[PDB]
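[1] Opening with a subset of the complex:
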Amino acid sequence: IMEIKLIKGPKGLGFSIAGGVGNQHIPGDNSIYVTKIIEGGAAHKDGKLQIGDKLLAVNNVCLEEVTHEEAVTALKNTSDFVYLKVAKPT
């Protein structure tokens, strides 16, 4: 479980998600999952966000049991400052 404070840039936040209610990235599991950390991007520069991490929440917006479009909205309707709640698998 982690906190990631980030600054979105030219290429966005610099990573790609999957999952959510009705679009299960793993069977019987609607979590949002980071699937691709973009080379030389804000997250890749920050270095915390790893592949297979679970976005629990984005600033104030909780991504637990949300639709994919709901998740992507939340990650796309955000200023240059974004806080992230993630869960690092173990």
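    Alright, I've got the coordinates. Numbers count the residues shown, from 1 in each chain, chains lettered A, B, ... in the order given.

[2] quick one: buried residues of stretch A:17-24?
    Neighbour-count burial for stretch A:17-24, with 16 or more other Cβ atoms under 10 Å as criterion, is recorded at A:17-20. (C-beta placed from N, C-alpha, C; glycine too.)

[3] Same check on stretch A:53-60?
    Counting neighbours by 16+ other Cβ under 10 Å, one finds that the buried residues in stretch A:53-60 are A:53-58.

[4] For residue A:16, which residues are in contact?
    A:34-36, A:38 (Cβ atoms under 8 Å, 6 or more residues apart in numbering).

[5] throw chain B onto that model:
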Amino acid sequence: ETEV
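    Below is chain B, added to the chains above:
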């Protein structure tokens, strides 16, 4: 799947 979706880039942000």
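
[6] Take the contacts of residue A:16 again, chain B included.
    By Cβ atoms under 8 Å, 6 or more residues apart in numbering or on different chains, the residues touching residue A:16 are A:34-36, A:38, B:1-4.

[7] What separation do you get for residue A:26 and residue A:76?
    For residue A:26, the distance to residue A:76 (Cβ to Cβ, to the nearest Å) stands at 23 Å.

[8] Please say which of these two ends up with more neighbours.
    Taking other Cβ atoms under 10 Å in any protein chain shown, residue A:26 and residue A:76 do not tie; residue A:76 has more neighbours (14 against 10).

[9] what about residue A:34, how many residues close to it?
    Residue A:34: 22 neighbours (other Cβ under 10 Å).

[10] Of the contacts of residue A:16, which pair is most distant in space?
    A:38 and B:1 (13.7 Å; Cβ to Cβ).
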